[PDB]
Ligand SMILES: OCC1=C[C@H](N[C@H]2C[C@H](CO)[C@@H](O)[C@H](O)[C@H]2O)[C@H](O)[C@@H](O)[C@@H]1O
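Shown below, as structure tokens, is a lone chain in the form deposited without the named molecule; questions about how it binds or moves come after it.
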């Protein structure tokens, strides 16, 4: 169950990963022992051919499903036909030593070649399910996330043992809100698990003095309470073991454990990786996620607190509703006084090392508009910065730094397209909102026209190309989900489109 493979297999795990015995570091992270790892290990230490020894003692991950859809489908039919195809049930594990954490209900994976399910991308996958009326699948996934909250205290990065030490951008409260638009007391039903996740993020906050940090919560010098991304471990990621070992070796002037913590926590941020987190965008050894208060995360926390207040007011609990309402007020006040870059005119992360708000513009700047924490004048300023600097021919850019990392220029990511279009709409910036929507839709359609698939990310400098991208044609959750939602928006409800139309109106 809950012992991750790097502790389970000890030096054999570091030996197999270091030998580059497999092309993907994740492959051996998912290898299931055929017997007691204590036996395997004692076996290993005496009889030190490593490839044969591994094959005789582990069932490696099976070469997965290569689903081929029939050709000639429209973009919408293609997406809609894929929801059943990517529903999977992992009810039991193969043995006690399997890294896959079993889950109660069927869940929807981003792609057939995915071996587990993740947190924040599922919300955008769930937008598509909602759009195409798959409420049972949505309820199945919300049950799964509630189960994880009740069993592990939080939602792990994914349902793998080696993900238990970290979470991801906390969209659960918004999943419940989505489910609630169809099962109207989902918010009352899942308030206990919402409260428990909130406690996970705020763990230790009452004990904090100005200037202190603890796990995922910090307190600035003026008392302001904000959250940060944080992984509880500080070892190489089992699923990226040799990469992290080498990344820390590239910067021996800082303890490898700090580099590991910051690499793990950027994976928790969902932006793995990005110049957003790096002192030097060319050197991943300079990443310092845990010293950066993220503006998107704290927008999500504001939303979580407002939904907690609402979920309490609906249960008749006036004291609890009143408590979360004050917490959300303090959170909005802290976002506005610490995560706003006045000189540049946009929202931005806060630097714990320098105790200033940072200059870099990223697509995270749209998140306070998304959750309606921004004042109107700042929303208008973010929209001016968005069309001036981030809006590219194929959608909204992730950053303005082309670093080689994936959460950076020139890549556009479906969840950020949606967060931009919605946040801009929230404040009357319909023209920019529609520009983001139309350009990303054109990028997704044009890429579908040429590749007959959707992929995990798109190059926004043109239209028609994605990424190293997803190699099958059974393609990608949050792109599919966001595409359905946006495609509904650019045609009348009365006569929806199954393809992106030629001209924006």
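Take the two forms, superpose them, and find the largest set of C-alpha atoms that agree within 1.5 Å; that set is the rigid core. Positions refer to the first chain, counted from 1.
- In this entry, residue 48 is separated from residue 49 by 4 to 9 residues of the deposited sequence that have no coordinates.
- The segment from residue 61 to residue 62 is modelled without interruption, since every residue of the deposited sequence in that interval carries coordinates.
- According to the PDB record, 95-103 carries the higher mean C-alpha B-factor of the two stretches 95-103 and 347-355.
- Comparing the deposited coordinates for 364-372 and 181-189, the stretch with the larger average C-alpha B-factor is 181-189.
- Ranking 439, 34, 446, 457 by the C-alpha B-factor listed in the PDB entry places 34 at the top.
- Based on the entry's C-alpha B-factors, the most elevated value among 378, 113, 219, 323 belongs to 113.
- Looking at the C-alpha B-factors along this chain, the one for residue 83 belongs to the highest third.
- Ranked by C-alpha B-factor against the other modelled residues of its chain, residue 212 falls in the highest third.
- Residue 497: CA B factor in the middle third of modelled residues in this chain (values from the PDB entry).
- In this PDB entry, residue 253 carries a Cα temperature factor that places it within the highest third of its chain's modelled residues.
- Ranked by C-alpha B-factor against the other modelled residues of its chain, residue 246 falls in the middle third.
The form deposited with the named molecule bound is left out here; the points below concern that form.
- Mapping the unseen interface onto this chain, residue 406 counts among the residues with a heavy atom inside 4.5 Å of the named molecule in the entry with it bound.
- When the named molecule is considered in the entry with it bound, residue 157 lines it closely, a heavy atom lying within 4.5 Å.
- In the entry with it bound, the named molecule stays beyond 4.5 Å of every heavy atom belonging to residue 55.
- The named molecule is not shown here, and in the entry with it bound it never comes within 4.5 Å of any heavy atom of residue 254.
- Partner proximity in the entry with it bound, defined as non-hydrogen atoms within 4.5 angstroms of the named molecule, places exactly one of 234-242, 213-221, 345-353, 174-182 at the interface: 234-242.
- Screening 230, 198, 302, 118 for any heavy atom within 4.5 Å of the named molecule in the entry with it bound leaves a single hit, 118.
- Residue 267 is the only one of 100, 194, 267, 141 with a heavy atom lying within 4.5 Å of the named molecule in the entry with it bound.
- Heavy atoms closer than or equal to 4.5 Å to the named molecule in the entry with it bound belong, across 467-485, to the residues 469, 470, 476, 478, ordered by sequence position.
- The one residue among 102, 211, 112, 106 whose Cα position changes by 2 Å or more between the shown form and the other one, with the core held fixed by superposition, is 112.
- Superposition on the rigid core between the shown form and the other one places the CA atom of residue 456 less than 2 Å from its counterpart.
- Once both forms are overlaid on the rigid core, the distance between the two CA positions of residue 91 between the shown form and the other one is 2 angstroms or more.
- The Cα position of residue 42 differs by 2 Å or more between the shown form and the other one after fitting on the rigid core.
- Relative to what is shown, residue 266 and residue 113 are closer in the entry with it bound; their C-alpha atoms differ in spacing by at least 3 Å.
- Distance between the C-alpha atoms of residue 75 and residue 473: longer by at least 3 Å in the entry with it bound than in the displayed form.
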